[PDB]
Structures are given as C-alpha cells and as structure tokens.
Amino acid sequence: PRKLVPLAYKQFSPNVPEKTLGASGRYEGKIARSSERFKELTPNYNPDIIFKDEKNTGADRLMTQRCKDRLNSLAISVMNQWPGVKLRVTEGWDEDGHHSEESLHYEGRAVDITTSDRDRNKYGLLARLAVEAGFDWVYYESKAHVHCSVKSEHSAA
C-alpha cells in the first residue's frame, strides 16, 4: 500500500491545466436543456451520494456517464475513508452560467464536492480520493469544495 497524501489548498492533479488532453480534454460548449447534447446527460440517483440541489431543479444530478462512473467509484471510497460519512455534491451541471466562460460545469462534466458532514478539514484528503477514483482532473479550488472533472467521449480518434 502507498501512503495517501492529501492535496494542498489550490493544488490540482494532474499538474496541468484542466482542459488539456492529459486532463479533462477540451471545452465542447454549453449544454442547454433544449439542446441535442442534453441527451449526453444522465441523472445520478446513487443512494450513497448526497446532492445539495441548491437551485431546486435536480440539475446537479445530471452528468455524463464517465462523470457518473467516477463519482460512483468515489462514493464507495468516501464511505470507506470515513465510516458514517458520504460523498456530497454541491454543484454539477450549471444551466445558469455561474462559473468562468468555458466551465465543464456547463456540459455536465464537472462536480463540486464535499463530505456529507461538511468538515472542511477532510477536503484535502477528499481531493486525493477523487484522484484515486479516476477523475481526469481534480482541483482543491476553495476551502469549501473540491472541483472534479472528466474527459468527454469525443477525443479518442
């Protein structure tokens, strides 16, 4: 076994920009509810993940399959790491534009996460778990959350 080292505040892994091929790839444009690419999104109803749903639309559950797969892996790891605690998503797909111009939140490929107990002391390690769970980019973005993202299925040629 290897010792798990938490990410530092503001650290990202891999240590390259989010939208590079070695990380989460490219911004492929906003997905609107009315758009064809809306079917790229699938709702995650994993019983072991808490969704904040702060906008009361259920949008934070809607994500790509790869995002769902990595998130579900992380959900198991979080429960393992801190028995009694669960993975919590505070932001997923954003229909409103509350991030930078080319956010992967706009296309259901990024989540902001915490632990269910909102213990900010856990977030560095939570970030490390997200890396081990196979998220393509993980960024300890604020003291209040970790930003995790995935590649699309449109770069493999």
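Start at 1 with the first residue shown and count on from there.
The mean C-alpha temperature factor is higher for 37 to 45 when 65 to 73 and 37 to 45 are set side by side. Taking the mean C-alpha B-factor of each stretch as recorded, 28 to 36 and 101 to 109 are not equal, and the higher mean is that of 28 to 36. Among all modelled residues in its chain, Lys55 ranks in the highest third by Cα B-factor. Per-chain ranking of the deposited C-alpha B factor places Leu21 in the highest third. In the PDB entry, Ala8 places in the middle third of its chain by CA B-factor. Sort the chain's modelled residues by C-alpha temperature factor and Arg88 lands in the lowest third, per the entry.
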